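Q: Can you look at this? It's an experimental structure, sequence on top.
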Amino acid sequence: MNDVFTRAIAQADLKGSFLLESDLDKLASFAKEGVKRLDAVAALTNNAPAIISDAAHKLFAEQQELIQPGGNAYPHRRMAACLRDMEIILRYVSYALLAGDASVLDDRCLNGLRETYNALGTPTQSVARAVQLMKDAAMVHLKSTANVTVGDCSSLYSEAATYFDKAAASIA
Amino acid sequence: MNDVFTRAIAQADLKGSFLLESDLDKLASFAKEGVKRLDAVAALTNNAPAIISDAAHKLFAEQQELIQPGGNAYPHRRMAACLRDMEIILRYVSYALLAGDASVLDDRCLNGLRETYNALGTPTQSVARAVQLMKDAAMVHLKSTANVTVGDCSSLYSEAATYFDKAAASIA
Amino acid sequence: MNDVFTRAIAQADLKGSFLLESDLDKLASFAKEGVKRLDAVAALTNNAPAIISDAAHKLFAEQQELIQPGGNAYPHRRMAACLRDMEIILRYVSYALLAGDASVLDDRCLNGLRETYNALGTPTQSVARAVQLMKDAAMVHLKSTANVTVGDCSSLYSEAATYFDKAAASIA
Amino acid sequence: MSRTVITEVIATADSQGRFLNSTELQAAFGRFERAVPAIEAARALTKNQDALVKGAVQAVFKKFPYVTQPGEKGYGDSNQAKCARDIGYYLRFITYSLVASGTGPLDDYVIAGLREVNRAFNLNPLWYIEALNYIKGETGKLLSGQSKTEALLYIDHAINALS
Amino acid sequence: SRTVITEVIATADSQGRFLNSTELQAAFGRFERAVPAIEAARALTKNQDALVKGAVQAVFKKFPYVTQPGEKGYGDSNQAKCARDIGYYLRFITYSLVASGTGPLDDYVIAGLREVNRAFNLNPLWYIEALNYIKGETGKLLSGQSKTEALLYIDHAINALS
Amino acid sequence: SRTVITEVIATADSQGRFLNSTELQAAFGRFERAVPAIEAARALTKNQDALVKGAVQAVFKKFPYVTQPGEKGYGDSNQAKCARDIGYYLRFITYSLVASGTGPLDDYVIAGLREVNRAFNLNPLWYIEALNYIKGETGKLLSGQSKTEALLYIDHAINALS
Amino acid sequence: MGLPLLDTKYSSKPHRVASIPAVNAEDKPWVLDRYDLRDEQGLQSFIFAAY
Ligand SMILES: CCC1=C(C)/C(=C/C2=NC(=C\c3[nH]c(/C=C4\NC(=O)[C@H](C)[C@H]4CC)c(C)c3CCC(=O)O)/C(CCC(=O)O)=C2C)NC1=O
Ligand SMILES: CCC1=C(C)/C(=C/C2=NC(=C\c3[nH]c(/C=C4\NC(=O)[C@H](C)[C@H]4CC)c(C)c3CCC(=O)O)/C(CCC(=O)O)=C2C)NC1=O
Ligand SMILES: CCC1=C(C)/C(=C/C2=NC(=C\c3[nH]c(/C=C4\NC(=O)[C@H](C)[C@H]4CC)c(C)c3CCC(=O)O)/C(CCC(=O)O)=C2C)NC1=O
Ligand SMILES: CCC1=C(C)/C(=C/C2=NC(=C\c3[nH]c(/C=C4\NC(=O)[C@H](C)[C@H]4CC)c(C)c3CCC(=O)O)/C(CCC(=O)O)=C2C)NC1=O
Ligand SMILES: CCC1=C(C)/C(=C/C2=NC(=C\c3[nH]c(/C=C4\NC(=O)[C@H](C)[C@H]4CC)c(C)c3CCC(=O)O)/C(CCC(=O)O)=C2C)NC1=O
Ligand SMILES: CCC1=C(C)/C(=C/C2=NC(=C\c3[nH]c(/C=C4\NC(=O)[C@H](C)[C@H]4CC)c(C)c3CCC(=O)O)/C(CCC(=O)O)=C2C)NC1=O
Ligand SMILES: CCC1=C(C)/C(=C/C2=NC(=C\c3[nH]c(/C=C4\NC(=O)[C@H](C)[C@H]4CC)c(C)c3CCC(=O)O)/C(CCC(=O)O)=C2C)NC1=O
Ligand SMILES: CCC1=C(C)/C(=C/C2=NC(=C\c3[nH]c(/C=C4\NC(=O)[C@H](C)[C@H]4CC)c(C)c3CCC(=O)O)/C(CCC(=O)O)=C2C)NC1=O
Ligand SMILES: CCC1=C(C)/C(=C/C2=NC(=C\c3[nH]c(/C=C4\NC(=O)[C@H](C)[C@H]4CC)c(C)c3CCC(=O)O)/C(CCC(=O)O)=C2C)NC1=O
């Protein structure tokens, strides 16, 4: 787990040099927009059940083959596992968004997940499609302006899209 | 973990036979020279910090790139780990010197150390150099004629050198 | 004039760079071997009249036409010049052996010696033959172990041979 | 793997297997406010690093005359260079900790493994204690206000762990 | 196996410490005892066949029934296996003497003794009788400290069987 | 160039005779002096950039006016040439250390030094200041015979400038 | 103690995510506890399971 400050520091230390003026400017800019970052994190956190349910509905609407017998999301045992995995991935994306780096998403979640999915027989491109649906469903709540000071957050939207896409690519 | 006695016993058992008279003579000679062996192992044990400090001073005078930022022994944690590894190897060499057989050293210390260092990004050639420096520092103390009865300890010196050499070769 | 060090410095200057660590290592090895080099040069110097006399005897037994009236070493004067030239060439070979470089031999001794001998009517094949006989006598003396400490000096032998046969190649 | 505010938040959330509750976001926002004086102190400290390092070496010598005479650790030009290098290391990691708004850089780079290394090389902690106290005295002058306190916290933490 | 030196090294290694003075005094105690123990081992090796056959006949005398047909001791194969087993016990006792530790016995004979004897319906009493015979003949064959050491290891084997 | 071996060989060459004990002893002394000399050259090479930067800064410290506009130190190209010249001097000092003679300096720097300085209006005291800084620093980077070798060459260059 | 350990650097494993009951109950390992220690045969079974 490294946030942006910690990696800036690690990269400075490998070079064995102090942090430059421009780098400190960038870190101060990050800290300044941290309020927007926190609003994005809260938008993901509060709306998580809605995002998971919406993505699941869409995924089983397109790929019904999962929910028929013989599909890989058939019994309540496997459907609940699907929903659990989606919640895990969304949670780790929220962690990465708050931290500012995909380090946590790299190490704690996606370390060996494709191999596990292959052993279980799960379709990995289906899991990736589910994560993409989660991303599309979560951008809606991210862009919601209710009870929030209105402003620009396009960088945060791109960052969250990058984290979701990185999880999806790692799994697929 | 076998000493010379247990090694002889195991070979005799594999042959299915009692120990021959020549093997008993060799073990009797080993037991007779065990007093000098105990002196040598005591010399190694009672000078361990001095041996490690001397080896470290030589090694990091010779190889300055380690103690630089981006070197493998840069922060205090890695420097402490370097000294700790040197103490571990010296401890196992003293065990082997007492036992008279390097089975303990190979089994418990050197068996998988090269791949551990490779996994950690450690220059194994530098570790072998450190072990050789420890060998020199330990031979300075083993040959200390003062405070002990004078006698022929060439065989013990050669055994200690062989254990240090075998450690260095197995690491790098 | 050039020795090995000065050539190395010359290429380094042509690149405009310092001397690399490998070049410094080669020069350190040269200077370490310098005492053997001194022994080789002193063997050439001390036994020079013997070398010249042996080469002359062998050459004029092989080629009797040189010492008949009408030969190119017939009158006393031409014979003195012949022996003088052999001494001069051996002396520049000893110079090149000490310097580690064949530069002085080329610049001084073999600068235009083939055209000199061609204009004089001097058989350049016979001059090269004399250089080969001198090389043989020199190797006989340089391999001598009496009054030196025994050691491996094959690089010096091969280098001395290269100086000799480079002289003989330039002449013929 | 540094132990900062955001990292502590995420680690304690993951250990409990839950999303980030509001309290964790509260702590993160406190850190984000706090970063501004911390970056200011880091800037005003990295800018004047050379004066600090020289003054720290001289202050250690003044407090410890005996290290300088022959047969001691301080005698030697190379030992002078290693003086400056060590104090520069400490200052650099103090600035890192200011930037990171935690002790993570100090704990990870200086504090962990301190005592074994000092014992192995027979370096006296009191030398660095004096140097850091000098740096504290100076950063009293260089900085003012919230940034001054923020720098003093990390200098004090380094001194406490050197003890 | 397990000796004095190996106990020392294992105890030092389990606490991750260098060999201190107590361990070296134990080692010196071993090295000084080695001479009588190796003498006892040499004497016991010299007396292979006499001791083995005497032990087998002692077992046969104390358990006359076992030699009857339909029992364990009947038949040349079973008597050969008896001789082989007593030879094993004697060999491992000499190994223990040389090692100056009950490691050879504990690792080769004792560990798994009850399970194997119960599976093959072997009686520990046969081996106890044979070892008591070996113990008796040891007093004749050894004098001084060597006899004491050999009796110690044979006693350990007997206690293990019973 | 002009180094101990070369002087030996040139003297023998001009006198029309072989290399004798006096000349071989000179060569000997050169071959043993090579060790601290090569060590000094390696140390100076490893620290060339630090030495050059420090030398430029010492030059600007001792001659503040040169950086002012309208003078030889004003501008980036002039300071690039600063560092280039100091690197030249350092390179040729390392060359002379390796060659064990002042021949590299004399042939590459000193021969034509005064005329070139006079033509481009360069001040010899600038380079004396830089070489004094390098002398002070090699006092720290080096020790023993390595340091005296380096100082002899740096002082030859300084005396050439003055 | 001494130095701190390195990072754990986790990996995806079933135990890390076990909110849901396992597939087969009979394949769930027996969770032996203190109340097994009170009986005699239960204590013997617990000891065997520990070994
Ligand atoms: C903390 C980080 C972490 C993650 C993310 C993780 C994922 C994970 N999901 C698993 C099972 C599963 N995961 C799924 C979900 C997939 N299958 C369906 O097709 C869906 C489309 C899709 C979800 C998007 C299913 C159905 C199973 C059960 C497979 C089975 O029971 O055979 C398992 C195997 C353990 C078990 O049997 O329950 C792991 C390790 N593990 C971790 O330690
Ligand atoms: C309790 C935990 C907590 C939260 C949730 C938090 C968010 C937060 N965002 C704020 C302003 C803001 N928040 C946003 C974020 C918006 N930009 C776009 O419109 C999006 C709809 C949205 C995010 C994607 C922006 C742009 C500002 C104004 C700051 C600026 O850019 O000037 C403020 C200051 C305004 C006020 O308090 O009245 C807070 C406290 N801080 C906290 O300590
Ligand atoms: C009983 C046999 C045994 C040994 C000896 C052993 C050594 C060992 N060395 C380690 C790391 C290390 N080892 C070294 C030592 C090297 N670096 C320096 O350059 C020197 C050249 C050299 C020492 C002379 C260092 C610096 C580390 C730290 C790497 C890190 O912290 O990332 C680690 C794992 C990381 C840790 O927790 O510290 C082990 C387990 N393991 C074993 O099972
Ligand atoms: C409690 C641990 C312990 C120690 C410390 C110990 C030391 C010890 N060393 C002894 C002799 C000796 N000690 C040495 C060893 C020395 N020879 C060379 O000088 C070497 C520098 C050096 C060893 C590397 C030798 C060769 C003997 C003579 C052995 C003999 O007489 O057979 C003796 C017997 C006294 C004698 O023979 O007069 C003892 C008890 N014994 C122990 O049980
Ligand atoms: C221009 C006129 C001229 C002269 C005068 C001359 C002298 C002369 N005689 C020679 C051979 C020789 N000549 C002699 C002389 C005789 N041997 C003994 O029976 C006598 C004691 C002694 C004379 C009294 C000897 C000893 C050699 C041996 C040289 C050798 O072995 O290479 C050689 C060497 C060439 C060869 O191998 O044949 C020369 C240069 N050469 C000339 O071109
Ligand atoms: C005044 C002129 C002068 C001379 C002549 C000189 C020679 C010289 N030869 C030496 C040894 C040596 N000399 C030789 C060379 C010989 N060994 C083999 O037999 C070869 C046939 C032959 C080489 C042509 C060797 C191999 C050594 C041993 C030192 C080494 O190998 O590095 C030494 C080192 C000390 C010694 O071991 O005696 C010197 C100084 N030094 C001088 O200042
Ligand atoms: C991560 C940060 C870090 C620190 C702090 C650090 C301390 C440190 N300082 C060292 C050298 C040294 N440092 C000193 C410092 C003393 N000199 C005296 O004049 C002063 C009183 C005092 C400084 C003001 C000395 C004397 C040595 C040489 C010790 C020796 O070689 O025995 C060394 C041994 C490495 C070597 O020189 O090869 C370490 C590990 N290392 C690190 O990686
Ligand atoms: C580690 C050393 C070791 C021992 C000690 C040992 C004992 C031993 N003896 C065996 C056989 C046997 N051993 C005996 C010995 C009997 N014969 C006479 O009756 C006597 C009364 C008595 C001996 C005192 C007999 C009868 C068998 C045959 C058991 C059977 O096949 O049912 C067997 C079964 C393997 C086989 O079929 O050969 C073992 C394991 N095995 C070992 O590996
Ligand atoms: C092989 C050895 C060698 C040396 C040493 C050397 C010196 C040298 N430096 C030059 C440039 C220069 N060098 C300097 C001097 C530096 N700038 C000032 O600020 C400092 C005080 C000072 C640092 C000590 C300056 C000002 C120039 C530009 C001069 C001009 O073009 O008018 C020039 C003019 C030619 C050019 O444009 O490059 C020479 C000949 N040239 C060589 O080939």
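A: Now that the structure is in, tell me what you want to look at. Residues are numbered from 1 along each chain as shown, chains lettered A, B, ... in the order given. Ligands and ions are numbered 1, 2, ... in the order given.

Q: Of all residues in chain D, which one is nearest the centre?
A: When CA atoms, centre = their mean is applied to chain D, the residue found nearest the centroid is residue D:94 (3.0 Å).

Q: Also compute the angle for the helix or strand harbouring that one relative to helix F:124-141, please.
A: According to DSSP states H and E, residue D:94 maps onto helix D:77-100. Here helix D:77-100 runs at an angle of 90 degrees relative to helix F:124-141 (axes from the mean of the first three to the mean of the last three CA atoms, to 10 degrees).

Q: from what I can see the residue nearest to the centre of chain D touches residue D:109, true?
A: No - with contact defined as CB atoms under 8 Å, residue D:94 does not reach residue D:109; the gap is 10.5 Å. C-beta: built from backbone N, CA, C; applies to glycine.

Q: circling back to that earlier point, show me what contacts the residue nearest to the centre of chain D?
A: D:45, D:106, D:135, D:151, D:154, D:155, D:158 (CB atoms under 8 Å, 6 or more residues apart in numbering or on different chains).

Q: Closest to ligand 3 out of the residues you listed?
A: Lowest distance from ligand 3 to the contacts of residue D:94 (CB to the nearest ligand atom) belongs to residue D:106, with 16.8 Å.

Q: Tell me, how many residues neighbour the closest one?
A: Using other CB atoms under 10 Å in any protein chain shown, residue D:106 is surrounded by 23 other residues.

Q: That one and residue D:161, how far apart?
A: Distance, residue D:106 to residue D:161, by CB to CB, to the nearest Å: 7 Å.

Q: Chain A: helices as residue ranges?
A: A:4-15, A:21-46, A:48-62, A:76-99, A:103-104, A:113-120, A:124-142, A:154-171 (DSSP state H).

Q: of all those, which lies closest to residue C:24?
A: Evaluated over those, closeness to residue C:24 peaks at helix A:4-15, with 27.9 Å, by CB to CB.

Q: Just list what the closest one packs against, helices and strands only.
A: When contacts are defined as 3 or more CB pairs under 8 Å, 6 or more residues apart in numbering or on different chains; DSSP states H and E, helix A:4-15 sits against helix A:21-46, helix D:77-100, helix D:104-105.

Q: which other residues reach the last one?
A: Yep, that's helix D:104-105 we're talking about. Residues contacting helix D:104-105 (CB under 8 Å, 6+ apart): A:6, A:9, A:13, D:2, D:3, D:4, D:7, D:93, D:96, D:97.

Q: cool, stretch G:31-40 as well?
A: So stretch G:31-40 is contacted by G:42, G:43, G:45, G:46, G:49 (CB under 8 Å, 6+ apart).

Q: Now do the contacts for the last one.
A: For residue G:49, the residues meeting the contact criterion (CB under 8 Å, 6+ apart) are G:30, G:32.

Q: secondary structure element for it?
A: Applying DSSP H and E, one finds residue G:49 within helix G:41-50.

Q: What ranges does chain D have for its helices?
A: D:5-15, D:22-46, D:49-63, D:77-100, D:104-105, D:114-121, D:125-142, D:146-162.

Q: Can I get those in JSON lines including distance to residue A:130?
A: Formatted as JSON lines, the helices of chain D follow (distance: least, CB to CB, whole Å):
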{"stretch": "helix D:5-15", "distance to residue A:130": "21"}
{"stretch": "helix D:22-46", "distance to residue A:130": "27"}
{"stretch": "helix D:49-63", "distance to residue A:130": "51"}
{"stretch": "helix D:77-100", "distance to residue A:130": "35"}
{"stretch": "helix D:104-105", "distance to residue A:130": "35"}
{"stretch": "helix D:114-121", "distance to residue A:130": "48"}
{"stretch": "helix D:125-142", "distance to residue A:130": "53"}
{"stretch": "helix D:146-162", "distance to residue A:130": "45"}
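
Q: Need the winner for burial among the ones you listed.
A: With neighbours taken as mean count of other CB atoms under 10 Å in any protein chain shown, these reach their highest mean count in helix D:104-105, at a mean of 26.

Q: So what's the gap between that helix and the chain middle?
A: 9 Å (CA atoms, centre = their mean, to the nearest Å).

Q: Would that helix count as contacting ligand 7?
A: No - using CB under 6 Å from any ligand atom, helix D:104-105 never reaches ligand 7; the gap is at least 10.0 Å.

Q: and the closest residue in space to residue D:24 that isn't next to it in sequence, what does it touch?
A: Once flanking residues are discounted, residue D:24 sits nearest to residue D:9: 4.4 Å by CB to CB, 6 or more residues apart in numbering or on different chains. Remark: with contacts taken as CB under 8 Å, 6+ apart, residue D:9 is in contact with A:98, D:20, D:24, D:27, D:28.

Q: State the pair within those that is farthest apart.
A: Using CB to CB, those span at most 10.9 Å, a distance reached by A:98 and D:27.

Q: Give me the residue at the spatial middle of chain A.
A: residue A:93 (2.6 Å).

Q: Wait, residue A:24 touches residue D:42, no?
A: Yes - with contacts counted by CB under 8 Å, residue A:24 reaches residue D:42, the gap being 6.4 Å.

Q: Which neighbours do the two have in common?
A: In contact with both residue A:24 and residue D:42: residue D:99, using CB under 8 Å, 6+ apart.

Q: quick one on the thing from earlier: ligand 7 versus the residue nearest to residue D:24, what's the distance?
A: When distance is defined by CB to the nearest ligand atom, to the nearest Å, residue D:9 is 27 Å away from ligand 7.
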